[PDB]
Structure formats: C-alpha cells, structure tokens
Amino acid sequence: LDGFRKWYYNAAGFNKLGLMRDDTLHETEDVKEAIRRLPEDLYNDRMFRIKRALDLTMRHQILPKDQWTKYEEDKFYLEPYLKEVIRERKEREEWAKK
Amino acid sequence: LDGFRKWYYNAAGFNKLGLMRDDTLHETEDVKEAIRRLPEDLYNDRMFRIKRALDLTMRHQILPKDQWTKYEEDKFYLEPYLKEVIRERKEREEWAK
Amino acid sequence: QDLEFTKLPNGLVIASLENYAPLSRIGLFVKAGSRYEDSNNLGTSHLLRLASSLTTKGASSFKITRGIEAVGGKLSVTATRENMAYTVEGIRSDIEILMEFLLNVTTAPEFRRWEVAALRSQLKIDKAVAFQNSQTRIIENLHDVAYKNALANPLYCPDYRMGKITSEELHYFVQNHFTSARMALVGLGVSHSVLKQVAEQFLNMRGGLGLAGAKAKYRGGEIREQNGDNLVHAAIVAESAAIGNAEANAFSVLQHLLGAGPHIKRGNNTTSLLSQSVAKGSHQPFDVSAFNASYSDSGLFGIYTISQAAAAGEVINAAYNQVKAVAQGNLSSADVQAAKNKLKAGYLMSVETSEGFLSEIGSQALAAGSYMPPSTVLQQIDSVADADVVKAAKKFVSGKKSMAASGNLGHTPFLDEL
Amino acid sequence: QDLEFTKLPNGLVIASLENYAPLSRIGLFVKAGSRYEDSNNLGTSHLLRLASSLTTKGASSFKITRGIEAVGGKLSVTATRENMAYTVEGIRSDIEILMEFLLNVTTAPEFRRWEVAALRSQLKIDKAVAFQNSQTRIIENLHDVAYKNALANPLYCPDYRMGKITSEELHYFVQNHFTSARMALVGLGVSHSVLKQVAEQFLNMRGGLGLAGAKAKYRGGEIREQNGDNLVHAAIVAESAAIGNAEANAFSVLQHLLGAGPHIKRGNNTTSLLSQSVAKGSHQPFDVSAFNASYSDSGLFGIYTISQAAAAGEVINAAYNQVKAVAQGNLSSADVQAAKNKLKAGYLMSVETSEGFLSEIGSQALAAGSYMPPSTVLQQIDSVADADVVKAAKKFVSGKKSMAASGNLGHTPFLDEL
Amino acid sequence: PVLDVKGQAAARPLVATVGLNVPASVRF
Amino acid sequence: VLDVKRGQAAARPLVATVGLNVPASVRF
C-alpha cells in the first residue's frame, strides 16, 4: 500500500509542479479559514509555490526531476490548521441543531 | 428699467418658491467652486432654501405670498465669490496660452 | 451563615458564603495587575483582560460564549494596577458549568495567534472608549508621572504596543503570575465545599509563588497635555501610606474631610473643606475632590480639580491652601466625626451590593488572607484620630508632589509655583 | 565689497553685498517664530510657513506659483523658534519681480479662509514628516519639557489645533509679530539702493514695534516616550547663556570640546571626550554628542545620546561623568585649542555658502542690528579661554536638568538617578 | 476616531471592566 | 506613512523649511 501510494503520488503529477498536497485543496470556506490562520512564512511559501505552478502551467513545462516534491517530503501543513476549522465548524453546527 | 426688473422678478417668481437669485444659478463648475467657498452658514442656509423649494415644487404649492423673497430683500451672496472664481479661471487661461 | 475560609496547601485561598441568594456569584482574584509588567511587555494585562472569551483547553470560544449566554449568566473581568478578578454570576442551577467555564478561562488558556490578532483591534477600540472621560487620562497619566517602574505602568495598552503583543507574552505572563499562592476563589451563594472541589480539579496545578514584582519607586514630576478642552483637569498628588497601615485609614479620613465628591445630586460639598475654599478662588463651575489610591507597597494622595481654564490657577492654589490649613492643625472635631461617618457609610454602601461584597472579600483575601468583618473595620476607622489626619496632611503638603494637567494650560501653574 | 547695514528709520535694516554673482539671493528676516506666539494661537506659525503661496493682496496664488517658477526663482520660508526668514533666489534680471512676490508675501497676505482651509491637511504632513528623525521629536520635547511658556512652544502644530487655526488668527500674528522694527531685509545679488527703494514702499508700513516678546522661564523636568523603537534617544540639558554674551562663546567651545558631530565619514570621532568615555566601556553602537541651542533670552546646553536600549543607562552615565570631569578642571590646553579650531572652521564653512551667508547676515541684523565680520568673530572665539569653558560646564552640571527620552526606556535612568 | 460609541471628577483609582456582557467601562 | 518616507544624532537646534520648491525638511 505504501509503494502503491507513492506510485499514485507520481501519477497525480502535482509534485512535478513543485506543489504540496495541501496546495491542491479547493478553497472552500473552511479551507480559506485554515489558510487565514497560517503563519506568515508558511503562507508566503504556499503563495510562491502556487504562483510558480501557475507559471509552469502557462509555459506548459514541469520542474526538473531533482526539484520535484518527494512524496515522503511533502508536508501536510494546512491539515492541522484545517481540522480545527472543521471541528469548530461542526461544533457550531451541532449547537444550532440542538 | 428697474421697474421692469421688478416685474420680471415677480414673473420669474423664483421669489415665490422662496429662493434668492444666487440660489438659481446653474451649478456650472465655476458655480460649484464658489458654492464651496461659501462660509458654512450661508451654505447650510442655501441648502435649506433650495430643499424647501424642492418640497414646495413637489406639492405644487408656493409659499405664502408674504414669505416670497421680496426683490428688494433678495441679496447676492454667491456672486461676490463667483466673481473671483471666474477671474481665477481667466487668469489661468491666458497664462495657459 | 458567616464567611468561611480555608487556605489550601498549594496556597490557594477559598472563601465562601451561603446566603441562599437566587443569583449566586463566584469570582477568582489574582495578583496579576499591570504593575507586574516591565518595558518589554507593556499592555499585556490589557489584552489578557480582553482575552477572557478565547479558546481554552476544555472549551472553545463559541462554547464559552454560547454556554454563558444560554443560561443568561454573566462573565466579567475587572482589573486594577495590582489585581485582576474574573467574575461569573448566574442561577444556582447553572453555576456548576459556570465554574467549569471560569476555571477553564483562569487555569488553561490556549492563546491562539489568530485570536489575539483579531483581538488587537478590539484593544484599540476599548482604549479610546475608556479614555473618553478625561478623568481617566489625567489619572492614568498621574500614576505614570508619579511612579518610576511598577505603578507607572498604564492600565491600557500603549499605541505602539498594539500589533506587537504576541501569544508567547500572554503565556509567559499567565505562567509567571497566575499561580495558586496569588489566587483567591470567593463565592457568594455557593457551598464552600464545591469551591474546594473546583479548587482541586483546577487552581491547584499551578502552585508556585510565581514571579515577584519590583518595588514601586516614587519619582515626582509633572506631565501636561495641551489639547484645547473646555475644562482644565489637574491632579496634584504626593506619596502616601500603603495597604496595611493605620496611616492609610488616616488618609481615607483626610479625603472624606476634604471633599471626596459631593454626596448630593449636583452637590456642592457644602462642608467639603476643599470645595468650600474654592469659593474664594472662584465662583464658577469647579470640582475639587481628593484623590487617594493606595496599593500594597505605596500610595498616592492629593487633590483633583476641574475648572475653567482661566481660573484654573488660583482655584488650584485655593485647594492647595486649604490642605495647608489642615496641615497647620486648623480643623474641628465635629468635621472629623462627620468625615468618619461619611467614610464608614461609604464602606457599608460599597459592601451592601453582592458584587461589591464579592470584590471586597476577594481583595481582603489576596491582600491579607483574612476576612475583616465590616464591624471590625468600623472600630478601626474610629481609631483614626484628629491628629492622625493632620499628620497625613503634612505628608502630602511636604512630600514631593506629582502633577498631571490637561486642557488649555495657559494659566495652569507649575509645581515650583504651586 | 561688503555688506552695508543701514537702519531705515522705520526700524528695518537694509544690507547688501552685490557680489555681482550670477544668482542673487534676497531674504527678509522677521522675528516671528513660535516663540512669539502664545497659548491660544499654537500653530499659527507653522501654517504661516507653509502658506507662502496663498493669494497676496496683490497677487494670485496662481501667479505667485507660476511666476516664481517661470523665472526659476525660489521662495523658501525657514523658521526657527527664535525667528523666521523668507528667502528668494534667482537671476539678477528676474529679481525685480522676485522682490515684488516676496515683499507682497511678507507684507500682504489675504489669508483667504478657503485657501487656509485647504492647507491644514498639508500641515498635518509637515509636523508629521519632520518627525521621521526621532531627533526632531526629542529636541522638540526637550525645548518643551525644559521651558514653561515661550521657548516651550513647538515648531510644529499640535494635533488638536489642526482644524482650529483660522485666517483671523494668522492675520493677527502678522500684524502683531511681523511688524517692521522686528524685520530686516538682507540681499545678496542686489543693489543696496533698490532694497531701500522696494522696502520703503511695503515694509515701512508696519511701523510699530509689535507684540511684546514673552520672556522665557526655565522649569526643569523630564518627559519620556515609550514607543518601542530599536534605539533609545535621550537629551539631557540645562539652562545656559543667551545670545549676546561671552559665556555663549564658552558654551560653543565646550560643545566642540565634548564633540559636535563627526568630521570623518565612518569615523569614531575619536577626540570627542564623550565618544571616548563611552567607547572605553561600551562596545555597542552609539552616538553621543553635545547639544547647544541659544536664543536671545535663554539657552539650553546638554548631552544627546542614541544607544541600544539595554546600555542606554551607563552610556548616559558615562557621558554625564565626562562632563563632570570637565567641571573638575580635567582638561588640556591642546584640546581647547583643537575645539576652537573646530568651532571657527565650522563657522567659516557655514558662511562659505551663499544661503548660509545670507542667513548669517540676516540673523545678525535682527539680533544686534550690526554686521560682525567673520574676522571679528574669530578673535572673539579666541577670547574664550580654558577656564571659561570649565565655567560653562559647571553651569550645566549644576543647573536643574531637563530630560527628553524616547524608545524602550526600561533601562533608561531618571534625573534623580542620573 | 469617533471613539466608537460617543464630568464627575475621579477621586479613586480606576478599574477597567470588560467581558461577555455587552457593557464595558471604567470606574474610579 | 508620513507621505513619502526617507540616524545622525541632533546636536543643534532645529529649523523647519518649506516653500515653493518641492523639497521641504528640517535640519539640526
């Protein structure tokens, strides 16, 4: 399962643009709240990575293979911050339900 | 001639709605500048009079004849200022050419 | 019943009174005022005061706010330069979760960085509102110009420090001043037992004595503020007695002998030595009360004047001259008896309300660890005698004085002229 | 040639050099600084300085701007607290209309309400930008915390007074403080003859002496400003000599002995006794100099320090200790000779430029009505002798001090500790 | 600026007060 | 922002300076 997940990570292809996994999340309301709660350095790296991926998609290029994002290396930075947004979101929802 | 002026004044009837002459000058840019410079008191007063006219016009009514601004009573407040603004535009124009 | 006290072995004071009130009030008192900051973390206590509804380890901000408003209870934070007090009140059937919320807020905050980043704009908004009434600015400034390090720190955050207060500063302040030996949990309308159980599930884990504050040092001086207000505000104070001395009682009797603010609505301090004197200096709107603020190491006593800018001078002089008369022994025993009656009536009306009673017990706890029955006080105030009052006066008349002035200060005198 | 200063009976003094230089400069010097203001007109001066382009009773703002620009001339309005000067620069051929514009501005402002109104927003900026260099704030606060009434008035308009200064007030100032006897017109690039022939027309009009010059009273004190800057700025001054005494020359020799700016780029200004006394104990970056500002009734002399907040204390102490050594006679004659050479070279390089020469002549005119040849000064500075310097020092080390501090002042000492 | 939502002279020390309840102010 | 923004310590009194020319500043 670990090797097949690495193969699927190579087949997804966002590592060839230098992106992380959390860069590829669709910005819903909870995702934008999690992005707003990021520290300044992580937010700046995320915006630069997104801008570089957009430039590479503009020129129809990819990064060189040494510059790709290694599956093992990818860091799920937004995840911790996101869970909270969802948790808080649900708590609020439940309160209203009841 | 002056008597004729008074007749025209009544005919103009801007007096009826309760407005002074300077009240009616179309707000051309030049006019706009002068209005701005008006000491606040007059400006606020101008607004009151103008607004009143609007309300009266809406109801298709005119103020009590007595309340009509008498020709004699009518004074020119905006004009003193306007003259300067005009002269100013004039000065700029020739320094321009 | 009566008040009942236990000192827990980790230092936490527990005070309870069960009077079977329909609404019961539970407060927690910490020696964590603005005097415990230094020049590196100014305004941290203001953000801590405004950060009572933040996410805690046990309840989120949403859960705390909606749970306190669900039962209709109230959570408030009152802060002096020495002490902070977090108070909750509500129906007896909901004070269990009210103590859950309050003790979570006191003991286990999280101080998330996005929450404090949202709170700094509220800090700016709160400062101004607080500084609307000039008496705030003048008094704040007064303490500042009259102290060097500890009591000179402002209750409200400075303008440059907004945007600079971090989560780590709040965590350091809480970890260094919110310890069990500096805390008293006081409950009116609750059983003492429950206070103790909540005092072990909480309030017992942080048990150091914390970080000791510096001794406050007097500096003297004068800071003025020309801002074109219609009225000139001026406070002239000097060093006085601290909390825990009979000279503090003498200074309280001295402010009630001088005008301590008219009792009557639109009153004129008919017998207020200060105000009465003002008549000679001016017959125009004025207000000359006496400012006494005593903290556990130092006190400030002086005069406070509001007047028309023009007369601002001699009115201040007239008020000062009146205190000099009291420093020369020019007083009557009936005036001192009336001052004692005014002071003791003010104390009894201060403790007649429930939240004032809870605050008093709280303060006494942190200050002396003991409860002093209202009765005891009455006889101690009586202990103050005429000469004692005179003595405190001479202290003010001779002690280097400070001065905070604001308004159109073209005719406001200086200290070397005063 | 040489200036020829002649006092027209109206009181105005005329003086010119007619160097026949290409770009002649002409400046009117009028004693009209904030000093000559008072408590209820704070700000008039500031606006007056920024309002050199309001329609004059003789010319439209438009012409003023365009005219001066066309000829390439320049009108500038410098202003100190002790005085103020308007200056026009330009080709010898266009200086007739330049004098028309300048003399219309100085003697006939229309101060139209709409116009003055448009400027108050421009006023905020000046007072604002000028404060970029913390030094400005300091020197300002200093002259304020030091004086009571006259020289305590700020050069820049206070925040509350913006929106409150009215045309009337401005006009009031001119007619009061800007009179003829208090003015002088010095011109380099013109014929002394015409100056008389263009001043006899407009300047001789305001014949009176003018509002009395409010005397200045020293107060002492200290005003601090905690604002979280990286560097602590601190100025500690005392009362010194005024304009027109040999003790002012002694104080100028004393600042050039203690250190009055670096002569080498990236130098350590080795000689400065202050710089040496700081650098022998502190390895942090610093900047210590001697401050001297003398006006016609009173002077301020002291030390100015910029340092890291942490070392701010002992560095200030070290600088203070160095002055105490000079107050104990611990100085060498070669050091005083080098200080005299530095002072006289600074004076000659100040008067070597055309606008500095015009300002100097101007100042001398208003101050003493006479021109003092650069040579004369040289021998008077030489008159100052070693003991004289020591004397001024003791004046500083004894006279009550005034201290303006700004930055992170957690380790900045007070005056009773200093 | 507007002081958000826009005379007795202070004679006692000040005590800020804020919390869940909407009211918030200072007393001498 | 002090409109258009820009260390040497002041040792002499200040002198504001403004006028028709665009430059305007203070010197010690």
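Some observations on this one:
- Test result for C:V397, under 25 Å from the mean Cα position of the chain (by Cα), under 30 Å from C:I91 (Cα atoms) and surrounded by fewer than 19 Cβ atoms within 10 Å (Cβ to Cβ): no
- Those residues of region C:363-374 which are touching a helix residue (DSSP H, G or I) at 6+ places or on another chain (Cβ under 8 Å) and either buried (at least 16 other Cβ atoms within 10 Å of the Cβ) or among the basic types (K, R) (or both), in sequence order: C:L366, C:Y371
- For the criterion of being acidic (D, E) and either buried (at least 16 other Cβ atoms within 10 Å of the Cβ) or within 30 Å of C:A146 (Cα to Cα) (or both), D:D382 fails.
- Any hit, region C:89-98, residues being surrounded by 15 or more Cβ atoms within 10 Å (Cβ to Cβ) and either of a type in the set (F, W, Y) or within 7 Å of another protein chain (Cβ to nearest Cβ) (or both): no
- So B:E29, is it within 14 Å of another protein chain (Cβ to nearest Cβ) and over 14 Å from the mean Cα position of the chain (by Cα): no
- Checking the stated criteria, C:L151 turns out to be in contact with a strand residue (DSSP E or B) (Cβ under 9 Å, 6 or more places away or on another chain), within 14 Å of chain E (Cβ to nearest Cβ) and not in a strand (DSSP E or B).
- Per-region count, region A:31-48, residues among the aliphatic types (A, V, I, L, M), closer than 18 Å to A:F14 by Cβ and in contact with a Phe, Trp or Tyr (Cβ under 9 Å, 6 or more places away or on another chain): 2
- The criterion of being closer than 30 Å to D:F301 by Cα and within 14 Å of chain F (Cβ to nearest Cβ) does not hold for D:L102.
- Residue among C:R206, C:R161 that alone is outside any helix (DSSP H, G or I), in contact with a helix residue (DSSP H, G or I) (Cβ under 9 Å, 6 or more places away or on another chain) and under 30 Å from C:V232 (Cα atoms): C:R161
- Condition met for C:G72 (on the phi > 0 side of the Ramachandran plot and of a type outside the set (D, E)): yes
- Within the option set D:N40, D:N19, D:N83, D:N10, being within 14 Å of chain C (Cβ to nearest Cβ) and either polar (S, T, N, Q) or surrounded by 24 or more Cβ atoms within 10 Å (Cβ to Cβ) (or both) holds for one residue only, D:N40.
Results for (1) over 19 Å from the mean Cα position of the chain (by Cα); (2) closer than 30 Å to D:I381 by Cβ; (3) among the small types (G, A, S); (4) away from every other protein chain (no Cβ under 14 Å), shown as yes or no for each residue.
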position	(1), (2), (3), (4)
D:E200	yes, no, no, yes
D:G208	yes, no, yes, yes
D:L211	yes, no, no, yes
D:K217	no, yes, no, no
D:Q226	yes, no, no, no
D:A246	yes, yes, yes, yes
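- Under the condition of being touching a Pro at 6+ places or on another chain (Cβ under 9 Å) and either aromatic (F, W, Y) or part of a loop (DSSP other than H, G, I, E, B) (or both), the residues counted in region D:21-47 number 2.
- Hits in region F:13-28 (condition: within 7 Å of chain D (Cβ to nearest Cβ), part of a loop (DSSP other than H, G, I, E, B) and not aliphatic (A, V, I, L, M)): F:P13, F:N21, F:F28
- Any hit, region D:123-138, residues being closer than 22 Å to F:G19 by Cα, in contact with a helix residue (DSSP H, G or I) (Cβ under 9 Å, 6 or more places away or on another chain), outside any strand (DSSP E or B) and away from chain F (no Cβ under 14 Å): no
- Contacts under 9 angstrom Cβ, first residue in region C:51-62 being within 13 Å of chain A (Cβ to nearest Cβ) and over 14 Å from C:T107 (Cβ atoms), partner buried (at least 18 other Cβ atoms within 10 Å of the Cβ) and among the hydroxyl-bearing types (S, T, Y), 6 or more apart: C:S61/C:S53; C:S61/C:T55; C:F62/C:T55
- Sole residue being surrounded by 17 or more Cβ atoms within 10 Å (Cβ to Cβ), away from chain C (no Cβ under 14 Å), farther than 28 Å from D:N153 by Cα and of a type in the set (G, A, S), chosen from D:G73, D:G27: D:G73
- Checking D:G228, D:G207 one by one, the residue that is loosely packed, with under 15 Cβ neighbours inside 10 Å and not β-branched (V, I, T) is D:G207 and no other.
- Here C:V194 clears all of (1) of a type in the set (V, I, T); (2) within 30 Å of D:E225 (Cβ to Cβ); (3) in a helix (DSSP H, G or I) except the condition numbered (2).
Here Cβ is always computed from backbone atoms with ideal geometry, including for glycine, and neighbour counts include all displayed protein chains. Rule-based calculations on the coordinates, nothing more; no lab input.
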